[PDB]
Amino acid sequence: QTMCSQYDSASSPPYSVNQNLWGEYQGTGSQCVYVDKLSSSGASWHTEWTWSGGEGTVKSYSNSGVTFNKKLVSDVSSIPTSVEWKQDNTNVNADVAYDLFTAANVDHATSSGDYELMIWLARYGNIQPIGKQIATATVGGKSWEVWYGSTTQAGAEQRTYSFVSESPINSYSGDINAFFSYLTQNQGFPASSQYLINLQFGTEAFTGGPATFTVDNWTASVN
């Protein structure tokens, strides 16, 4: 499947590959997502993009996602995931990251939440997470810079926690629940009153290109 319009999705329950150019009007360029292999066991895809203008603003977040029974973070047993990706052309402003949202209302829209947990496997150019660094933590046998900041739009505030690796991690696997556990015990995260409502992985593109982001394989589950 080749997807080049603003919003498109291809799915094979529980996996999906999504073209999402939500910040398209902030600049000039083009981007398509190509499904390489999509089945109930995992997703393989790539995206080629070129964006100019609106420096510092995200133009898109093409990604692969997984559907699951939404539940309280405190009730989550494990969130196993694995991925292998590659970036062709690093002279760009972009990041490679997992994006998870939680909300006090299980019926909350999945495009945002009360809290957002981001796990950056790579950072390119001059971009940086929202807020400021508040710690460095060891999660899953790896060291991460812990960033925290908030944003407000249309009357709703979103608190974002970002775990950033020092250098690119192209092959990664682990239990994402370990990050929630850290937040619950070390940053007062309200795990017993927040529902996990979305889990995605992809690349946020700001400016630069032509560039190609490739996901050789991606798996994820919420138990």
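Heads up: residue numbers just count along the shown sequence, starting at 1.
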{"query": "Residue range whose averaged C-alpha B-factor is higher in the record, 168 to 176 or 152 to 160", "finding": "152 to 160"}
{"query": "Selected stretch [higher average CA B-factor]: 138 to 146 or 118 to 126", "finding": "138 to 146"}
{"query": "Out of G23, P14, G202, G208, residue topping the C-alpha B-factor column of the entry", "finding": "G23"}
{"query": "Which of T110, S82, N89, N93 ranks first by CA B-factor in the deposited coordinates", "finding": "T110"}
{"query": "Third of the chain, ranked by Cα B-factor, where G53 sits", "finding": "highest"}
{"query": "CA B-factor ranking of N223, expressed as a third of its chain", "finding": "highest"}
{"query": "Ranked C-alpha temperature factor of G27 among modelled chain residues, by third", "finding": "highest"}
{"query": "Cα B factor band for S192 (lowest, middle or highest third within the chain)", "finding": "highest"}
{"query": "Among modelled residues of the same chain, the CA temperature factor third for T184", "finding": "middle"}
